[PDB]
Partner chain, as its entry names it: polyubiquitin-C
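Below, in structure tokens: the form solved without the partner chain, a single chain.
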């Protein structure tokens, strides 16, 4: 539950965003101007929040805006991530100036969240006017799923989304569900907006086999690079410039819902292409037969993708989860946050799963099976 996103609350987020900008302006960080660039994103977020306030110019319009379900969640998430960025700089101390530290890695995670949130707020409020109830999901079969389970909702909790998705496309485990949350919930707010659903369904289309497409194209494919920048894609492929057909594919933080395939040409140049509103695996199979996409990340083995026209280990899901912000969520259910600590092993989970486990005569801790000497309520942050 969130409080009303009134003018006073919207302004509190501006002051927090301002603090983050000054922290990130420190030249000891040697911050790359490559996307997501927090120094462009936060002022652009402020300008969009002003554009929204200029459209709702009277007290009655402001009251309607303050009680908008999506707007309340958005302002609360914006406040939370800004406070989190301030805390990261405080606790990080000198580790913020170490490009390879976990504190800096967390800053990249926040920068990506702020980037995704800006694209989301511009899609839901184009020109500062709410259009969430009129948001058009690109894929019709995916739009019918959203309309069936969520009606005209602009945003739904992750918990409800995952349960309803499972009715159509089965999710085989807690780790898979955790990996799926980090892929769809781009803003890391424990909700799925109709815009995040549109991005995910555009990337892993067709809808009919979306989870097989996601598992084969992203979780386990050696060519998949997530939001690795164009410069890093070219520098990664530079090592294989003597192997024509070496290719990698990435997501674009400035072009959400689109893929960018970098590859080595016959003359050793590294070129890129953005496939149309077509399935990524189709472009990859087309490119394989034509001779452009043969070696995913220079690897001589190109996985056979032709099965998607008509398995993943727990370890594979665990590795995939590292780039995300899912540490705060119970690993057993992947729907409730961790709120309880076992003693003396220290394993964390939600109370509901611990109760289910104790009521099943499960011996000791569900993770390690050491005797549960006691429990303690806790609050976990994704960066612990």
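Positions refer to the first chain, counted from 1.
Not on display, but discussed next: the form deposited with the partner chain bound.
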Which of 49-57, 23-31, 319-327, 63-71 sits within 4.5 Å of the partner chain in the bound PDB entry, heavy atom basis: 319-327
Looking in the bound PDB entry, any heavy atom of residue 369 within 4.5 Å of the partner chain? yes
Taking heavy atoms and a 4.5 Å cut-off, does residue 341 contact the partner chain in the bound PDB entry? no
